[PDB]
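S.K.: My structure is below; once you've seen it, I'll send some questions.
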Amino acid sequence: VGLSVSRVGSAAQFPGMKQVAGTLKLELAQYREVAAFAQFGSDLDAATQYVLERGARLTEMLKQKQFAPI
Amino acid sequence: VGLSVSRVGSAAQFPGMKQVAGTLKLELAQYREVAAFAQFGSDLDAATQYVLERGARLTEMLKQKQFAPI
Amino acid sequence: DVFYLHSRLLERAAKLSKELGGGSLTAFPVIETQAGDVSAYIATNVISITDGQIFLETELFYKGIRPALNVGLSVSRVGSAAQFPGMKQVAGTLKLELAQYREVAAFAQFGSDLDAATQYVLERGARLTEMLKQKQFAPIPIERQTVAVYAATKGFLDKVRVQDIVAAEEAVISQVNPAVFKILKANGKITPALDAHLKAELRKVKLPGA
Amino acid sequence: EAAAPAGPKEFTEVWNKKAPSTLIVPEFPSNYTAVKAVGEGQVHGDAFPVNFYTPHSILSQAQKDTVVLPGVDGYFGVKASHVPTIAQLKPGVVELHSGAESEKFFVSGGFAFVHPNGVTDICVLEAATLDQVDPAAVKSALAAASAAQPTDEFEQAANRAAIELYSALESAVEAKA
Amino acid sequence: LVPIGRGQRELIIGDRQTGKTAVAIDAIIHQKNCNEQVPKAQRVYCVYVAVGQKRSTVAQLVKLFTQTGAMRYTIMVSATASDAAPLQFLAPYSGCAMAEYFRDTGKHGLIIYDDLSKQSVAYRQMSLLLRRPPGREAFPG
Amino acid sequence: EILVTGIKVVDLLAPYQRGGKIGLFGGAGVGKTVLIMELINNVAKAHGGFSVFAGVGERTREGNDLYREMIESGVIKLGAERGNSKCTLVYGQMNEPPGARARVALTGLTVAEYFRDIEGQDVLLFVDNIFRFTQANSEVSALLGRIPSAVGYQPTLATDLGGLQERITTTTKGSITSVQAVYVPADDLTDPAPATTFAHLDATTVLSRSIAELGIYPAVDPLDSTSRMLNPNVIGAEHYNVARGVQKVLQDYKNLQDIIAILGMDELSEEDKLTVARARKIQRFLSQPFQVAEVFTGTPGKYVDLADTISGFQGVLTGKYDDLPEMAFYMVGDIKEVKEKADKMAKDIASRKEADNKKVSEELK
Amino acid sequence: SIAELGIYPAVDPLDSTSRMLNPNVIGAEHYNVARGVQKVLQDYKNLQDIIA
Amino acid sequence: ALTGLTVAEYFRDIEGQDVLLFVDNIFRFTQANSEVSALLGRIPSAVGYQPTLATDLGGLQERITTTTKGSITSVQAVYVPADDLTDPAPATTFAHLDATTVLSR
Amino acid sequence: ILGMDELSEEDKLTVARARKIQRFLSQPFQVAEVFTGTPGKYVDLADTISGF
Amino acid sequence: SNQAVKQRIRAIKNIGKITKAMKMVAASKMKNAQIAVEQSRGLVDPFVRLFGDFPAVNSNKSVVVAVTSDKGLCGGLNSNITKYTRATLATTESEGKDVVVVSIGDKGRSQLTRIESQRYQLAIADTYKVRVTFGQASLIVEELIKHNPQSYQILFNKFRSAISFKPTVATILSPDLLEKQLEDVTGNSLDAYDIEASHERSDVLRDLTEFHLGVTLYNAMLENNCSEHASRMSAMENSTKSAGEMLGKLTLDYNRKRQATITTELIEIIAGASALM
Ligand SMILES: Nc1ncnc2c1ncn2[C@@H]1O[C@H](COP(=O)(O)OP(=O)(O)OP(=O)(O)O)[C@@H](O)[C@H]1O
Ligand SMILES: Nc1ncnc2c1ncn2[C@@H]1O[C@H](COP(=O)(O)OP(=O)(O)O)[C@@H](O)[C@H]1O
Ligand SMILES: [Mg+2]
Ligand SMILES: [Mg+2]
């Protein structure tokens, strides 16, 4: 998600998706900034735990099996 | 010792050396996978301490002089 | 033959003998490096041709230290004997003090600890660093440089704050009477008759602030 | 006899003789305490500064005028300039007084000093005020304590401490006015 | 740890001055020590090929092999650095042909191609001056 | 046979053969001209034969400086007493075309080979920048119509270098002690022209840029310089064991160079902090002032005997000098001067409070 | 690096690939246990940094 | 780029104006000149650029100057290949740059 | 890592000045007013130096 | 060749990510374990108000404890108090007396059993795994009054701030051995206090000195835990700085090797094509 670009961008996507994926890419970027804290045992200040659980569920929501498009 | 390979292995060495050098080949490998944790020295359960305290003896055993074959 | 290209050029800068007129030619070749890599091909070719180097560090140039002379790497082993005496009397101690200033360089208290007995070498190497900063298109005569490094080295500027040593230097050059400059330029060395009058004229200067 | 003047400033010179000059002199806990015992003051009238301490919480550092402490010879009130004392406290209720307002903490033991500069210091290990303790488990705990009495010395000392603390806690929960 | 066999090719590889010639030399000395102890058919005839080495090193090795007695079973093929590039190119093949006599007549041979990376360099020079097209690090294909 | 040079790192870790070929590998500014001048200063004065200096592709100012120093020191005499001069200079410096720099080493070899073969003498031959022979052959080789070899050199690098270097030989009728400076082109030891030179030499003295940037002079890499004389049967077991112990401590410090950088020394073991302390002592103790470097450094040069080097490094290896600081070992002659510098380093911190210097009523004297 | 651990055959458990690793071909038990083995091995390979 | 610079040069020399000239991705100018040099059978320089690299850039960048009649000011978008500022194309472009405007996300 | 609580006021006047400085670098453009509503501003050099 | 430098870059990059995570971990641990350090500072006040502070006492036996850490990324704490331990111990042992050295934390048993080995009787560890409690410190003090010395030296780092950690020695005189003797000022200074205990003063002083040892030992290991977290917060900042500096140099080295790689491969291709064309 960090290295994939689209220069046309949000101007050529679903407007139902445009209002909901905009929060998603910011939450995933915040999850990428904090992704070193994920394999730590001593739990952090609960603002980074919130993004570390939220982004770790959002990356599970982007999974998809083969040859079954949605 | 982790990179020097031979294709024959057995059936090309001394049968007395074949009984003895297997416990050398294994315990030098035990020494090498421990010695990459030699910055801390926690000496886990006197087992990671013991295997380096035997592997250092094995590497010091394997040294010899020049122009004096055994 | 890219080494031959520069060796042909730079071997023509010489000091001729007395039966050839005695003239001289001094070369200042300029080599630009990429990211401070001085182990490059053309860089190390011209280093192994020329007599010395003036390494201009890119880190000191953006920290305001201009000219950004890398004092640890830049040598000159041919004009070391061809130095103005007086500047040879003070600048050897200057280079020694800047050498032992780089034993606490950027780990004063940044890494682990501070000694506060070697606070003096830090708060003196900062003065010797700010002494050598110099604005552009304004070269100084050598007799006004050896007096400034005399004031910076003998201890006449330690109570000046580090923010105003560049003003203290021009105040020293302005307030000390110009006879000592002519005596040091003509005699070519700080004589024992001159350092007493110089320490006299250096204790009646109005160093600003402090 | 006072022929050996030990102390922090006397430690510094012997440390400058036998320990090297590479290290600065170590600190001492008397360098962090602004209030001492014999250095006069702190009363300035009818109030006097109290210091109610547990190891885990500072309960009060305000200035009271009456302190009721449960000493081992019985309860006693500490007014403004009390006599200097070192009172071993039994389980009981410490009562602080600011005037019309009062704080009533039930403590578990500990000590209480009154110092010659009029300050006082209450040093307990667990001081739970009376709404935090339930009256239902104190009788269950005393019934589980005062019935099974081992004749072994350590267990009977623990049992004596148990029946003393739980009896004081039972007499303290209903004695609120 | 790395047990050799009697017909096995074993590469001694390392940086400069890491003891490769020492291992090959001690192997030759041990064949001298074993050849005076075995019955005439497990005896090992060493052949040392010195490719690209200087002549002082080869003379020191001949002095070593004579002062220990290993020269009675050892042949030394010496194409030094002063020799032509085809001589250093051809000296491992000369040493292998000299060592194949013992292999083909029922005896057991030991061949050391010291500095095979110098025989490759001599072959590179020899083929580049024949105007054959160069490849990886200007070596032949 | 050993040849003692008075240099601590040279006499300890890679001693020079008396009739052998010596290489001084260097990277443009690391000091292989200062080192070869110190070897001229130390070896050629104690030598009984003739010296032949071959200047191949170096500075002409350096050739003039060497000529004036050899006239002044008396090893070159002018006029009628010229027969008592003990040095021949053969100069093909970097102002010459590549045809002259390609054959001036052969002229130096011819002058040395006449003294070796016909005169039967023991010769010294100092060749400054034997790389310039290879570079001149690579310069002329592009115009001879050859296909280039690896990184841009001639295809005949190894055979030209071999045909040059095999003429320098201690024979049965005479000896040549050859000290050749070799230049690595961009601090690359894997460059083919020094990598080919490495196989021709009995004792390499690889000077490093990083050791010079630490201020250590001579900037000899202790874990990259080798010699055939470092063998217990030729230099004795004591000297050999001391050199191998010093190399072991330096290699154990070089193994810890990444943990110390990214974590600091406070996370090292107690046995490894002692290794780092002894290694930082022995790598200051390898440095040494030179008699030819005293003109631009100010400190007088130090000639160090071999037994003083072994006796000093025995004491630093066993732990006899854990008391003295690390800078007491820096740029001193022997193990006596370490103790006589740790005295001056602790008189001086007690000389913060000695007096207040003032000279009064002086202006009319 | 797998053979340097003494493990033989030194197959990279992640970098090895097949067209048969497909739940529609080998079955959703075999496919899921192979994906679980690769998941736990990739998790351990990510933990091998912070372990040292 | 020479076409656009000529259209700017008419506004500089004849109109006497202070014209702007925008070169979008001067690295693509360098890359196109490198491809032209490679198609003409010329031996490439360092990392893959043309041997004429400094002079093909300088033939463009030296015509962007202020004269006595007018000026051409140039704002060139600069791409840095593999984020290497020591790559020959950005290192040769930076010898002509009088300013730098970094736009960041 | 710590917060605004442990910042000194000597290191909070710098924050309170640098925030409005990095706000004051922003400026509406004339070519964007056809879709952003707010008009564009041309700032002189002397006005920039005085206002900073 | 060119892949080893890229894998070393990939090593130092997530080493820097590790140490940047560890700095904020230690910073949150310093922020959470600061209020307990501030609370436990109160109870050490009345005992040095009452019993004073007499470090340089002439004793017959002294248990010296050096409160070290458990995990060792603190960066110059557990060795600095080992230096301070020997510096305060050589000061106070010139009477021919016995000295027992104890360490709390197992990074002190690795640093104290080689400098003073035969006087090392006790090693305590794992005191910071769950938390530091007063029952834990009271049990540790009970094993300290197993033997009966005349003094108890506590070596620990006082958490002055997140930047400064002053190492502090604290002394507890055992009652009848030294405390009743070190208070005599024309009579005594303790006789101004009216003892309101059950038994005599010789026993209420015993209870007071054991409780004072427990109080200052609890406060000592709590202060040392907070200094451990605040020194790890700085050591991991130094490790991020060093592993960003090393990464910045290694990136330039990789770029030089990459440029030289494309140049040498292209020169090989041109040299091959010029022999044929
Ligand atoms: N087993 C050993 N014990 C002690 N020293 C040794 C041993 N093996 C080799 N050496 C030393 O290592 C040095 C290099 O030895 P050797 O010539 O075998 O390496 P090399 O790789 O062949 O060198 P080169 O690359 O220059 O040919 C020699 O000086 C030798 O004394
Ligand atoms: N032994 C030494 N003592 C002091 N400085 C040295 C020493 N060796 C080298 N240097 C410094 O390093 C530089 C090396 O120059 P040079 O001897 O010409 O080496 P190279 O021929 O490799 O360039 C000199 O300018 C000198 O200042
Ligand atoms: Mg060899
Ligand atoms: Mg030179």
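Ordered as shown in the structure tokens, chains take letters A, B, and onward, while each chain numbers its residues from 1 and ligands are numbered from 1 in the order shown.
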So that I can see what lies close to segment 22-32 of chain B, please list as a list in words the residues with an atom at most 10 Å from it, counting only C-alpha atoms and leaving out residues fewer than 4 positions away in the same chain.
M.R.: residues 1, 2, 17, 18, 36, 37, 48, 49, 50, 51, 52, 53, 54, 55, 56, 57, 58 and 59 of chain B; 1 and 2 of chain E; 4, 5 and 6 of chain G
S.K.: Go ahead and write the selection's residues with N, CA and C atoms as a short mmCIF file (atom, residue, chain, number, x, y, z; two decimals), in the first residue's frame.
M.R.:
```
data_model
loop_
_atom_site.label_atom_id
_atom_site.label_comp_id
_atom_site.auth_asym_id
_atom_site.auth_seq_id
_atom_site.Cartn_x
_atom_site.Cartn_y
_atom_site.Cartn_z
N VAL B 1 34.15 -23.54 8.68
CA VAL B 1 33.53 -24.84 8.90
C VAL B 1 32.07 -24.86 8.46
N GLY B 2 31.42 -23.71 8.38
CA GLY B 2 30.07 -23.65 7.85
C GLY B 2 29.99 -23.57 6.34
N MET B 17 37.99 -42.10 12.64
CA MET B 17 37.65 -40.69 12.61
C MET B 17 36.17 -40.47 12.32
N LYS B 18 35.52 -41.43 11.65
CA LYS B 18 34.11 -41.28 11.33
C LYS B 18 33.23 -41.40 12.57
N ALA B 36 26.47 -16.16 17.70
CA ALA B 36 25.85 -14.95 17.17
C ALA B 36 24.98 -14.23 18.20
N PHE B 37 25.02 -14.68 19.45
CA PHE B 37 24.35 -14.07 20.59
C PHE B 37 25.36 -13.83 21.71
N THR B 48 23.46 -22.83 26.79
CA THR B 48 24.12 -21.99 25.80
C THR B 48 25.51 -21.56 26.27
N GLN B 49 25.74 -21.53 27.58
CA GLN B 49 27.09 -21.32 28.09
C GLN B 49 27.95 -22.56 27.89
N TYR B 50 27.37 -23.75 28.06
CA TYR B 50 28.16 -24.98 27.97
C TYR B 50 28.56 -25.31 26.54
N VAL B 51 27.66 -25.06 25.58
CA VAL B 51 27.95 -25.45 24.20
C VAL B 51 29.02 -24.55 23.59
N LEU B 52 29.09 -23.28 23.99
CA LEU B 52 30.21 -22.47 23.54
C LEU B 52 31.48 -22.82 24.29
N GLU B 53 31.36 -23.26 25.53
CA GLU B 53 32.50 -23.66 26.34
C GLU B 53 33.04 -25.03 25.92
N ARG B 54 32.33 -25.74 25.05
CA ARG B 54 32.87 -26.91 24.37
C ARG B 54 33.30 -26.60 22.94
N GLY B 55 32.57 -25.72 22.24
CA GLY B 55 32.92 -25.37 20.88
C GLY B 55 34.19 -24.56 20.77
N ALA B 56 34.46 -23.70 21.76
CA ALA B 56 35.74 -23.01 21.80
C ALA B 56 36.89 -23.98 22.01
N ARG B 57 36.67 -25.02 22.81
CA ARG B 57 37.65 -26.09 22.93
C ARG B 57 37.85 -26.86 21.64
N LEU B 58 36.78 -27.06 20.87
CA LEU B 58 36.92 -27.79 19.62
C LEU B 58 37.67 -26.97 18.57
N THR B 59 37.36 -25.67 18.47
CA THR B 59 38.08 -24.82 17.52
C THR B 59 39.53 -24.63 17.92
N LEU E 1 36.84 -32.66 9.24
CA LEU E 1 35.60 -32.04 8.81
C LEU E 1 35.35 -32.10 7.31
N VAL E 2 36.38 -31.96 6.49
CA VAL E 2 36.21 -32.00 5.04
C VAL E 2 37.02 -33.17 4.51
N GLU G 4 22.74 -24.60 6.17
CA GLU G 4 23.65 -24.19 7.23
C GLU G 4 23.05 -24.41 8.61
N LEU G 5 21.73 -24.59 8.70
CA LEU G 5 21.08 -24.99 9.93
C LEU G 5 21.12 -26.50 10.15
N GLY G 6 21.66 -27.26 9.20
CA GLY G 6 21.66 -28.70 9.27
C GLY G 6 20.40 -29.36 8.76
#
```
S.K.: Which parts of chain B does DSSP call helix (DSSP H, G or I) when run on the backbone here, written out as a ChimeraX atom specification?
M.R.: /B:15-32,35-37,44-46,48-61
S.K.: Deliver the residues from the most recent selection as a file, using N, CA and C atoms, as an mmCIF file, in the first residue's frame.
M.R.:
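The file below, result06.cif, is the result:
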```cif
data_model
loop_
_atom_site.group_PDB
_atom_site.id
_atom_site.type_symbol
_atom_site.label_atom_id
_atom_site.label_comp_id
_atom_site.auth_asym_id
_atom_site.auth_seq_id
_atom_site.Cartn_x
_atom_site.Cartn_y
_atom_site.Cartn_z
ATOM 1 N N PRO B 15 37.778 -44.901 9.426
ATOM 2 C CA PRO B 15 36.620 -45.392 10.191
ATOM 3 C C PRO B 15 36.675 -45.038 11.664
ATOM 4 N N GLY B 16 37.874 -44.878 12.225
ATOM 5 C CA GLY B 16 37.978 -44.349 13.573
ATOM 6 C C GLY B 16 37.597 -42.885 13.647
ATOM 7 N N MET B 17 37.990 -42.105 12.639
ATOM 8 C CA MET B 17 37.650 -40.687 12.609
ATOM 9 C C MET B 17 36.169 -40.475 12.323
ATOM 10 N N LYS B 18 35.522 -41.429 11.650
ATOM 11 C CA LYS B 18 34.108 -41.280 11.329
ATOM 12 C C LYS B 18 33.234 -41.397 12.571
ATOM 13 N N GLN B 19 33.646 -42.216 13.541
ATOM 14 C CA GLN B 19 32.916 -42.318 14.799
ATOM 15 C C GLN B 19 33.080 -41.075 15.662
ATOM 16 N N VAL B 20 34.222 -40.398 15.562
ATOM 17 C CA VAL B 20 34.540 -39.287 16.450
ATOM 18 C C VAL B 20 34.134 -37.930 15.876
ATOM 19 N N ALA B 21 34.270 -37.724 14.569
ATOM 20 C CA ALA B 21 34.096 -36.406 13.979
ATOM 21 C C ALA B 21 32.644 -36.036 13.719
ATOM 22 N N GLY B 22 31.701 -36.965 13.883
ATOM 23 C CA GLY B 22 30.297 -36.591 13.805
ATOM 24 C C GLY B 22 29.866 -35.743 14.987
ATOM 25 N N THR B 23 30.337 -36.097 16.183
ATOM 26 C CA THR B 23 30.125 -35.319 17.396
ATOM 27 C C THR B 23 30.911 -34.009 17.379
ATOM 28 N N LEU B 24 31.895 -33.880 16.493
ATOM 29 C CA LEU B 24 32.578 -32.623 16.221
ATOM 30 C C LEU B 24 31.814 -31.750 15.235
ATOM 31 N N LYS B 25 31.335 -32.348 14.137
ATOM 32 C CA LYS B 25 30.554 -31.636 13.131
ATOM 33 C C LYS B 25 29.251 -31.106 13.702
ATOM 34 N N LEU B 26 28.634 -31.853 14.620
ATOM 35 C CA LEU B 26 27.393 -31.390 15.227
ATOM 36 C C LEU B 26 27.659 -30.293 16.250
ATOM 37 N N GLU B 27 28.691 -30.462 17.075
ATOM 38 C CA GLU B 27 28.881 -29.537 18.183
ATOM 39 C C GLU B 27 29.530 -28.232 17.741
ATOM 40 N N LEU B 28 30.272 -28.231 16.629
ATOM 41 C CA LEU B 28 30.681 -26.954 16.049
ATOM 42 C C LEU B 28 29.490 -26.193 15.482
ATOM 43 N N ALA B 29 28.491 -26.909 14.957
ATOM 44 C CA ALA B 29 27.272 -26.252 14.501
ATOM 45 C C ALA B 29 26.461 -25.720 15.672
ATOM 46 N N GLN B 30 26.474 -26.438 16.798
ATOM 47 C CA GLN B 30 25.892 -25.918 18.033
ATOM 48 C C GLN B 30 26.631 -24.680 18.524
ATOM 49 N N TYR B 31 27.951 -24.644 18.341
ATOM 50 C CA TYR B 31 28.740 -23.489 18.754
ATOM 51 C C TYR B 31 28.473 -22.282 17.864
ATOM 52 N N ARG B 32 28.262 -22.507 16.565
ATOM 53 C CA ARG B 32 28.137 -21.385 15.640
ATOM 54 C C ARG B 32 26.781 -20.701 15.738
ATOM 55 N N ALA B 35 27.038 -18.480 19.121
ATOM 56 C CA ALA B 35 28.022 -17.398 19.163
ATOM 57 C C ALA B 35 27.584 -16.129 18.436
ATOM 58 N N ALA B 36 26.473 -16.159 17.698
ATOM 59 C CA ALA B 36 25.854 -14.948 17.169
ATOM 60 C C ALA B 36 24.981 -14.234 18.202
ATOM 61 N N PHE B 37 25.018 -14.680 19.454
ATOM 62 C CA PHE B 37 24.349 -14.069 20.593
ATOM 63 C C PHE B 37 25.360 -13.833 21.709
ATOM 64 N N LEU B 44 22.116 -18.885 29.066
ATOM 65 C CA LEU B 44 20.785 -19.445 29.281
ATOM 66 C C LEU B 44 20.845 -20.877 29.802
ATOM 67 N N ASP B 45 20.389 -21.049 31.049
ATOM 68 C CA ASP B 45 20.225 -22.320 31.757
ATOM 69 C C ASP B 45 21.494 -23.165 31.829
ATOM 70 N N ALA B 46 22.663 -22.510 31.747
ATOM 71 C CA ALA B 46 23.987 -23.142 31.652
ATOM 72 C C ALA B 46 24.065 -24.172 30.524
ATOM 73 N N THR B 48 23.459 -22.831 26.787
ATOM 74 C CA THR B 48 24.123 -21.986 25.804
ATOM 75 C C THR B 48 25.508 -21.563 26.267
ATOM 76 N N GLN B 49 25.741 -21.530 27.579
ATOM 77 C CA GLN B 49 27.086 -21.321 28.094
ATOM 78 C C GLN B 49 27.949 -22.558 27.887
ATOM 79 N N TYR B 50 27.374 -23.751 28.059
ATOM 80 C CA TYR B 50 28.158 -24.981 27.974
ATOM 81 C C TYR B 50 28.556 -25.309 26.538
ATOM 82 N N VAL B 51 27.661 -25.061 25.576
ATOM 83 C CA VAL B 51 27.953 -25.453 24.201
ATOM 84 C C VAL B 51 29.017 -24.552 23.587
ATOM 85 N N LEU B 52 29.087 -23.280 23.989
ATOM 86 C CA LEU B 52 30.209 -22.468 23.537
ATOM 87 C C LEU B 52 31.483 -22.818 24.289
ATOM 88 N N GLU B 53 31.359 -23.260 25.533
ATOM 89 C CA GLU B 53 32.502 -23.661 26.336
ATOM 90 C C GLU B 53 33.041 -25.027 25.923
ATOM 91 N N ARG B 54 32.328 -25.742 25.049
ATOM 92 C CA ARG B 54 32.868 -26.912 24.366
ATOM 93 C C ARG B 54 33.301 -26.596 22.936
ATOM 94 N N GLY B 55 32.569 -25.718 22.244
ATOM 95 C CA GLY B 55 32.921 -25.375 20.878
ATOM 96 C C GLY B 55 34.189 -24.556 20.766
ATOM 97 N N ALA B 56 34.462 -23.702 21.756
ATOM 98 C CA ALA B 56 35.741 -23.007 21.802
ATOM 99 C C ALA B 56 36.890 -23.980 22.007
ATOM 100 N N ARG B 57 36.674 -25.020 22.812
ATOM 101 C CA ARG B 57 37.654 -26.087 22.933
ATOM 102 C C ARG B 57 37.849 -26.857 21.642
ATOM 103 N N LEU B 58 36.785 -27.064 20.873
ATOM 104 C CA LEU B 58 36.925 -27.793 19.617
ATOM 105 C C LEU B 58 37.667 -26.971 18.566
ATOM 106 N N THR B 59 37.364 -25.672 18.470
ATOM 107 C CA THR B 59 38.078 -24.820 17.520
ATOM 108 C C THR B 59 39.533 -24.630 17.924
ATOM 109 N N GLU B 60 39.813 -24.559 19.229
ATOM 110 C CA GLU B 60 41.204 -24.518 19.660
ATOM 111 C C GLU B 60 41.894 -25.862 19.498
ATOM 112 N N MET B 61 41.136 -26.957 19.501
ATOM 113 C CA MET B 61 41.711 -28.263 19.212
ATOM 114 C C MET B 61 42.122 -28.360 17.751
#
```
S.K.: Distance table requested - chain B against ligand 1, cut-off 7 Å, only C-alpha atoms and all ligand atoms: one row per qualifying residue with the closest atom pair and its distance in Å to one decimal, ordered by chain and rising residue number, as a Markdown table.
M.R.:
```
| residue | atom | partner | partner_atom_place_in_ligand_line | distance |
| --- | --- | --- | --- | --- |
| B:64 | CA | ligand 1 | 1 (N) | 5.4 |
| B:65 | CA | ligand 1 | 3 (N) | 4.3 |
| B:66 | CA | ligand 1 | 1 (N) | 4.3 |
```
S.K.: Store the residues picked out above, limited to C-alpha atoms, as an mmCIF file, in the first residue's frame.
M.R.:
```cif
data_model
loop_
_atom_site.group_PDB
_atom_site.id
_atom_site.type_symbol
_atom_site.label_atom_id
_atom_site.label_comp_id
_atom_site.auth_asym_id
_atom_site.auth_seq_id
_atom_site.Cartn_x
_atom_site.Cartn_y
_atom_site.Cartn_z
ATOM 1 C CA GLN B 64 47.896 -26.834 14.191
ATOM 2 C CA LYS B 65 51.299 -25.625 13.025
ATOM 3 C CA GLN B 66 52.704 -25.354 9.499
#
```
S.K.: Any idea what's packed within 7 Å of residue 64 of chain D, counting only C-alpha atoms, ignoring anything in its chain fewer than 2 positions away? Could you give it as a PyMOL selection string?
M.R.: chain D and resi 47-50+62+66+96-98
S.K.: Generate a file of the selected residues that holds N, CA, C and O atoms, formatted as a PDB file, in the first residue's frame.
M.R.:
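Contents of again.pdb, as written:
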```pdb
ATOM      1  N   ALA D  47      -1.668  25.870  64.060  1.00  0.00           N
ATOM      2  CA  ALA D  47      -1.469  24.745  63.163  1.00  0.00           C
ATOM      3  C   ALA D  47      -0.028  24.253  63.247  1.00  0.00           C
ATOM      4  O   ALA D  47       0.842  24.892  63.842  1.00  0.00           O
ATOM      5  N   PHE D  48       0.213  23.093  62.633  1.00  0.00           N
ATOM      6  CA  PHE D  48       1.521  22.451  62.622  1.00  0.00           C
ATOM      7  C   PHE D  48       1.509  21.436  61.491  1.00  0.00           C
ATOM      8  O   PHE D  48       0.466  20.810  61.258  1.00  0.00           O
ATOM      9  N   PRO D  49       2.610  21.268  60.753  1.00  0.00           N
ATOM     10  CA  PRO D  49       2.549  20.486  59.510  1.00  0.00           C
ATOM     11  C   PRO D  49       2.568  18.991  59.788  1.00  0.00           C
ATOM     12  O   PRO D  49       3.377  18.498  60.578  1.00  0.00           O
ATOM     13  N   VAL D  50       1.657  18.271  59.143  1.00  0.00           N
ATOM     14  CA  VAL D  50       1.556  16.826  59.284  1.00  0.00           C
ATOM     15  C   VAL D  50       2.082  16.173  58.018  1.00  0.00           C
ATOM     16  O   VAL D  50       2.139  16.801  56.953  1.00  0.00           O
ATOM     17  N   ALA D  62      -0.546  18.548  54.360  1.00  0.00           N
ATOM     18  CA  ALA D  62      -1.144  19.827  54.710  1.00  0.00           C
ATOM     19  C   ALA D  62      -0.776  20.190  56.145  1.00  0.00           C
ATOM     20  O   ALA D  62       0.071  19.555  56.779  1.00  0.00           O
ATOM     21  N   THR D  66      -4.992  19.289  64.945  1.00  0.00           N
ATOM     22  CA  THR D  66      -5.214  18.189  65.874  1.00  0.00           C
ATOM     23  C   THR D  66      -5.065  16.877  65.121  1.00  0.00           C
ATOM     24  O   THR D  66      -5.694  16.689  64.076  1.00  0.00           O
ATOM     25  N   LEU D  96      -7.390  13.220  61.255  1.00  0.00           N
ATOM     26  CA  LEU D  96      -6.790  14.519  60.993  1.00  0.00           C
ATOM     27  C   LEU D  96      -7.857  15.591  61.169  1.00  0.00           C
ATOM     28  O   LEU D  96      -9.043  15.344  60.938  1.00  0.00           O
ATOM     29  N   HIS D  97      -7.441  16.782  61.590  1.00  0.00           N
ATOM     30  CA  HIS D  97      -8.395  17.855  61.853  1.00  0.00           C
ATOM     31  C   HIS D  97      -7.902  19.149  61.229  1.00  0.00           C
ATOM     32  O   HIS D  97      -6.807  19.616  61.548  1.00  0.00           O
ATOM     33  N   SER D  98      -8.715  19.728  60.353  1.00  0.00           N
ATOM     34  CA  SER D  98      -8.452  21.039  59.784  1.00  0.00           C
ATOM     35  C   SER D  98      -9.359  22.111  60.362  1.00  0.00           C
ATOM     36  O   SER D  98      -9.295  23.263  59.924  1.00  0.00           O
TER      37      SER D  98
END
```
S.K.: Taking only C-alpha atoms into account, report as a count of residues only which residues of chain H lie within 9 Å of chain C.
M.R.: 4
S.K.: Excluding residue 40 of chain E and any residue of its chain fewer than 5 positions from it, enumerate the residues within 12 Å of it, using only C-alpha atoms, and give them as an MDAnalysis selection string.
M.R.: chainID E and resid 34:35 45 106:108
S.K.: Could you name the residues that touch segment 36-48 of chain I at 12 Å or less, counting only C-alpha atoms, but leaving out those on the same chain fewer than 6 positions away, as a PyMOL selection string?
M.R.: chain I and resi 21+24-30
S.K.: Could you build a table of the residues in chain C lying no more than 6 Å from ligand 2, giving for each the nearest pair of atoms and their separation in Å rounded to one decimal place, using only C-alpha atoms and all ligand atoms, ordered by chain and ascending residue number, as JSON lines?
M.R.:
```
{"residue": "C:48", "atom": "CA", "partner": "ligand 2", "partner_atom_place_in_ligand_line": "23 (O)", "distance": 5.0}
{"residue": "C:75", "atom": "CA", "partner": "ligand 2", "partner_atom_place_in_ligand_line": "27 (O)", "distance": 5.8}
{"residue": "C:77", "atom": "CA", "partner": "ligand 2", "partner_atom_place_in_ligand_line": "25 (O)", "distance": 5.5}
```
